[PDB]
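From first to last, the protein sequence lines are chains A, C, C', C'', D, E, E' and B. A prime marks a further copy of an entry chain. Mapping of the first sequence onto the entry's author numbering: residues 61 to 289, in sequence order. Mapping of the second sequence onto the entry's author numbering: residues 13 to 42, 57 to 260, in sequence order. Mapping of the third sequence onto the entry's author numbering: residues 13 to 42, 57 to 260, in sequence order. Mapping of the fourth sequence onto the entry's author numbering: residues 13 to 42, 57 to 260, in sequence order. Mapping of the fifth sequence onto the entry's author numbering: residues 1 to 116, in sequence order. Mapping of the sixth sequence onto the entry's author numbering: residues 1 to 107, in sequence order. Mapping of the seventh sequence onto the entry's author numbering: residues 1 to 107, in sequence order. Mapping of the eighth sequence onto the entry's author numbering: residues 60 to 171, 182 to 227, in sequence order.
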Amino acid sequence: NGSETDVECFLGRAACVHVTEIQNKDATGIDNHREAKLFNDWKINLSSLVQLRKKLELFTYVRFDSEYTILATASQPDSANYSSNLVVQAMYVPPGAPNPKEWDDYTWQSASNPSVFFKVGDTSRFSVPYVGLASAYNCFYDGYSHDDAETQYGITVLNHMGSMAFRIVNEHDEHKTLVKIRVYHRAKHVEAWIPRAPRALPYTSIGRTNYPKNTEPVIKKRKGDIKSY
Amino acid sequence: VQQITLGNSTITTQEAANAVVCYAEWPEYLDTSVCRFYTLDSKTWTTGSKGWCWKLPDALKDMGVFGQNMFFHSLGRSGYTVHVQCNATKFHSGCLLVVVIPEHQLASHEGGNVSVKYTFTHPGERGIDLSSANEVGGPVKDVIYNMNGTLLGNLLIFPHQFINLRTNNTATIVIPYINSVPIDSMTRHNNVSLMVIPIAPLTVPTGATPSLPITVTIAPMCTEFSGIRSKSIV
Amino acid sequence: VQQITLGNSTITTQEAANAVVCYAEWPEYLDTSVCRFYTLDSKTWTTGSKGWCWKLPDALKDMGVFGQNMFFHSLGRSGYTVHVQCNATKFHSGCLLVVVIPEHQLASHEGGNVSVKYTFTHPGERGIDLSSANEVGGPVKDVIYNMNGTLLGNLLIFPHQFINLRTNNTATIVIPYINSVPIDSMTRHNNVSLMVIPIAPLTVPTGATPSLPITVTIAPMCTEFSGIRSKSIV
Amino acid sequence: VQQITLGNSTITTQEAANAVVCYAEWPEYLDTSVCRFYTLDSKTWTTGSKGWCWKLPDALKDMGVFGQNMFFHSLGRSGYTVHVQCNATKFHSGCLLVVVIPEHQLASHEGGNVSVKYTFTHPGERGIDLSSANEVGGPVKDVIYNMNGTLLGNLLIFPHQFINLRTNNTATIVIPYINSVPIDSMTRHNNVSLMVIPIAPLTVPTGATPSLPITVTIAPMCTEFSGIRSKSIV
Amino acid sequence: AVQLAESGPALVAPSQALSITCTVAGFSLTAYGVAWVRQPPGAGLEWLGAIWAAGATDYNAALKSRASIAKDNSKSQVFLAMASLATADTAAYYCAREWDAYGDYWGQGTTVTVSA
Amino acid sequence: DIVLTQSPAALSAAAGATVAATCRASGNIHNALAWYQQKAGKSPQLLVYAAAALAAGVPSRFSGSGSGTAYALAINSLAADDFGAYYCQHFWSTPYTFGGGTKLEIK
Amino acid sequence: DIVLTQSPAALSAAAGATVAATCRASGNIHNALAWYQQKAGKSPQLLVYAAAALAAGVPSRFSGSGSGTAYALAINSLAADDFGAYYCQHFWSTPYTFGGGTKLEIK
Amino acid sequence: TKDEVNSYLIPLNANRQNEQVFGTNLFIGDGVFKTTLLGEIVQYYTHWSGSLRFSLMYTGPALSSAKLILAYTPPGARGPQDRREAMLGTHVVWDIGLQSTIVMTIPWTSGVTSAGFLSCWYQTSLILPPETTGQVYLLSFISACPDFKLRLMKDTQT
């Protein structure tokens, strides 16, 4: 009767957590492989999406296996003569593993980073288990992580869900191809603890409960007095 | 009943259903060591009070054998029995919301990536005076948003209890160990935060002093520590 | 007990032997139709109040389904449960006599063959303010003679109950149908008259308002009407 | 039989298989409250009559206790027993089609997105005179297209009954509650529409008045209303 | 629009009464109350009293005896009466609507001077 | 009774200076205070209700503050229309007494 | 304390006019008031007790009325003996304070 | 015009009889309920259809007493505009002196004028203890009865 209100169903639906854009071109004389968008890594951050952040932060703890669906679509806004048949490496960097700094790093061929090779226009799909270090993720952390010094009060590495890195395996053509990648995360086997108050005010930081200053009142005023229906 | 003796401490109280066991889970191992009543300094609930906030185990960090074992042992695991008693006549009105918030991550009063300093996230027996001025590096003290951007009315989803001075004067909240790890460092991380918030303001009669003491008595129960520092190396 | 629900109405009250069943006869047929609590406008018992008098069924003549069926049907037959509640502190003194008088024929203030007009013998929810001035055609309002030439002390032979604000604040009087006919026209003839009379005057402390509300809650019970207007002609 | 008494009403009628229970479903709960015969104003079936259309429950909206409870309660649920009787001699000819149309959404006489006004979709006891002139905002009255763009011959798929004055003079159609919701607002939405349509025209003999009365008697049966307005708040 | 037109005779000898009224146009006296505030020239505003949204009245501590407020709910008129008039009653008398139990929508007020 | 003492009595300032009128009560109003503005021969108009909330049709130059007994009315960057007598009124305990009044004049 | 303010202070009337002396109290006397009559160099004598009841040896010209705080002493058709100072005294709450006094003189 | 603790406080006033204390409709997606825990989770979905649990809490002094009459106007009807129309409908006459907390179950609605109204009226004037004058407050609470459903999940934006 109330199967839509389950936290398996309320929190467990595929949202768009990341949209990046990488390019297929040559690295001849290219200094920065991120300003050129030869690759993009993304620290997996479900609180970057404020609609899913506001739903996850209705609970103190949450434990879920992950489920990533990756849609890569190409684009060639220049003279092209053909639409190229491209392959994207979508490499999952686990927590504690090093991220790529170049598109031709050693990290892309590292056997311990699982990577998906799929075509552009097709879609990838894989699942990552609960890769937290606690028995649940911490939506809120009242304290410091690993240290007696200043550790930013709630910024903890217990909530590290990994990282996704994306490049095009193909070499360059004579035209530039722009691949836009949409990562779709679905929390599965969700279980949640200690329900909290819903957040009324907007966000200013990730991992911090800081609300903006001189913001607007969330409790809206009546058009009359307290006796007015 | 009315002479509850725990250790060499004794308090006098009233209860009929007063204990609020949080989430219907009594604290239990994974007493008789540090289990006694630690009675904090009484706060003065004046007419213009906004509230008080104590972090646990940070409120008990200098409290005798508990605060000694808190800094001696790294890892620990404690539940609490918090008595908040606001003694008054039958002429005072007003209402306190005694609420226990697990993982009450506070909001800084500067916004953005500005974080709250360790001086203010760990205020000790003093707690956070929510009616005082925002200091540089401290939390935001606007009580309507519960110091975390969530409204004050929705604070009743946490394990709470009202002190309506018309009806009662005591609130007992039996807190278990609430964390995502089985044991944790008690000195860098606060499990729960006790807040005592006046919703309805304190009204005194004419001829009464516009202030009223609030006594917080925290008894740590089912307190465990790590087996290291007494585990043998052989 | 304290959440007495009758229909879609609910009142909160106190009783241990509070109900005064008149003449030890519970009202009975010769509920569940018009049986609900009708709560009249609260009267202000000031320090110079002389009393109030409501006629029944005339006090309930505009009261919803009861007052609709009172003017729809000619003949009717109702008993009553009258709660008179005078909420106060433990600082007020004074005493009310809540009395129910069957066939309280009133006396005109002009004497002789002068009779009281229908405007005043049927005053409605307002009742008769016994502390007001005598109007032309109205009853005499001298409370010592009970508006009928009989002394106020002898009014305790009628089914009564005191509200001594020292002791209690409520009076419940369960009125049956008292008439010499088995059924009668409810619109031209008043069966009983509820009177609420301050015998001992209302004394307030210094710092209190010299007035005190009185709430009359009349629940008609065992209310019957004539079988005509739904009897078939065939 | 011939003295059917329902409430304080009584009608005299004839039946052998006359009742047309719509879709072989007798009306039933999900009487004895508002169940009586409401006898509408008799229509004059002249020689140039085109038909009449009554909306239900809109035809019974001013009809006593039913029309009182229709506007008192928001939600309601009623079935009907509609007797259409056209008393005549054995010299009249002609044929009426007494049809009951669930959800008879009417067509406006202006076409396009022009809708029919609430004055005309809810005409009351008067009904819609299909032989009158189209007014601004009213429905189309062309009887061949049943006021909805569907031909008159195909109107027999709805639960109908003929009054052939050669054969009989009465038509009884027992209507259940037909809706896609279990209970609905009776004041904004018409469940069925009774239509009385002369297919074969009324022919009178020479020496007879070219007109003939039609009596519609609607008895609401299994009438339910919402539990609110008498549900307790406690 | 919420307007409260004051109306008074404004030429009254002392030791007499006042019939200084306020017609209410826009709202109802059964749902809102009306506050009375006078201001003598030179000196400041002074509260007189408030009849509430259903019957009850409050007054000044010094003017419980002199002042009296009633209202007609059908005709939407609010009545202010004073006894034992002095030269200190030369003041513009104002009406208001009780908005959140405060006072606003003040009319322009009738200046009522008590003179010989 | 709760007696309002509105200090000062009159102020001289130019169009742009900051004016902070002040009311202090005997009893505790519990923020149930209203500030009024009045011109010469005009009706008083409501600026601030509940000691912090600006009323309808009030510019953001006005700002009510204060809690308990003392309440400030800070006006920032005065205009030409903002000269007149300013009166508190508490709405707590019946009687609803006023303050003394602060008038504004030009330097 | 309950303070009686007896208004007016003195009256000029002829033998036959109606004199209505008045007392008004701070507190509520609950009709426990006594009126007194005094001549020049004579003892005060009791006229009305309980604010309505004429005392012994008092003619029916005197008539006490009033309830609560305000109490009138209506005297109808004055005689020659009825000139003097008239004092209330309440007998409710200890102290039993008097009023100011109304003297009668001839026009 | 700002958010504060005073917005949760329903003010009560002495010497007011037959006035209204508060009044609201029972759309639990807008108005007073939009920011509550019920109405923040109701507005994640499209259709609620259940019973509500409405509470009040008197926080004035133990010697003060009043009778408040708590009217429920169902959906489709008009909210009352005097105390007597409130009494002739569905109500509780709640004596503040005796019962410090009242709990009232709003009937099953399927409310998605409409959704019902809920007002409170002074039966008696508020009697305050001596030389304790001013305002006392009510605290109102909303939740759901356990037959409350919720379906067709949607998305709030900002």
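Even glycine gets a Cβ: it sits at the ideal position worked out from N, Cα and C.
| Check | Outcome |
| --- | --- |
| Proximity of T18(E') and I75(E') at Cβ, strictly below 8 Å | yes |
| Proximity test, Cβ basis, 8 Å: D58(D) and chain B | yes |
| C-beta neighbour in chain G for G41(E'), strict 8 Å | No chain G is part of this structure, whose protein chains are labelled A, C, C', C'', D, E, E' and B. |
| Local conformation of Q89(E') per DSSP, three classes | strand |
| CB contact below 8 Å: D285(A) versus chain D | yes |
| Delimiting residues of the alpha helix (DSSP H) encompassing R143(B) | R142 to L147 |
| is_contact[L147(B), chain C'] using C-beta, thresh 8 Å | yes |
| Residue burial classification, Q187(C') (beta-carbon count within 10 angstroms, cutoff 16) | buried |
| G93(C) versus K87(C): straight-line alpha-carbon distance, rounded | 4 Å |
| Exposure label - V91(C); buried when at least 16 CB within 10 Å | exposed |
| Ranges of the alpha helix (DSSP H) found wholly within the region 111 to 195 of chain C', counting only runs of at least 4 | 144 to 147 |
| Where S288(A) falls: helix, strand or coil (DSSP) | coil |
| Among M221(C), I254(C) and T229(C), the one whose alpha carbon lies nearest that of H109(C) | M221(C) |
| Proximal residues of chain C', C-beta to C-beta of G68(E') below 8 Å | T73 and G74 |
| Identity of the residues DSSP links to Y59(D) by a beta bridge | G49(D) |
| For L66(C), the three-state DSSP class (helix, strand or coil) | coil |
| Beta-carbon spacing of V166(C''), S141(C'') below 8 Å | no |
| Own chain partners of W71(C') with C-beta closer than 6 Å, once the 5 adjacent residues on each side are dropped | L228, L238 and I240 |
| Residues near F117(C'') in its chain [Cβ-Cβ closer than 6 Å; skip 5 each side] | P231 |
| Endpoints, the beta strand (DSSP E) within which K71(D) is located | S68 to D72 |
| Selection from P224(C'), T243(C'), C112(C') and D84(C') that minimises the alpha carbon distance to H130(C') | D84(C') |
| Amino acids of chain C, ordered along the chain, whose beta-carbon sits closer than 7 Å to that of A257(A) | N172, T176, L177, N180, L181 and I183 |
| Inter-residue Cα distance where the pair is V3(E) and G203(B) | 14 Å |
| Bounding residues of the beta strand (DSSP E) (the contiguous stretch that carries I16(C)) | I16 to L18 |
| Nearest residue (CA-CA) to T120(A), options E68(A), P255(A) and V278(A) | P255(A) |
| Close-in-space but distant-in-sequence residues of the same chain around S158(C) (CB under 8 Å, 5 per side omitted) | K167 |
| Length of the line joining the Cα atoms of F177(A) and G62(A) | 40 Å |
| Euclidean distance between Cα positions of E95(A) and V79(A) | 16 Å |
| Beta-carbon spacing of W190(B), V91(B) below 8 Å | no |
| Any C-beta of chain A under 8 Å from that of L197(B) | no |
| Inter-stretch contact at 8 Å, needing at least 3 Cβ pairs: the region 13 to 31 of chain E' / the region 66 to 86 of chain B | no |
| Residues near residue 176(B) by beta carbon distance below 7 Å, same chain, minus five either side | Residues lacking coordinates in chain B include everything strictly between 171 and 182, among them residue 176(B). |
| Nearest-angstrom beta carbon gap, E200(B) and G233(C) [assumed within contact, 8 Å] | 7 Å |
| Per-residue contacts from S256(C) into chain A (C-beta, under 7 Å) | Per Cβ cutoff of 7 Å: no residues; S256(C) is ~22 Å from chain A at best. |
| Chain-ordered chain C' contacts of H30(E') [CB-CB under 8 Å] | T73, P227 and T229 |
| Closest by C-alpha distance to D66(A), when choosing among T227(B), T225(B) and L221(B) | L221(B) |
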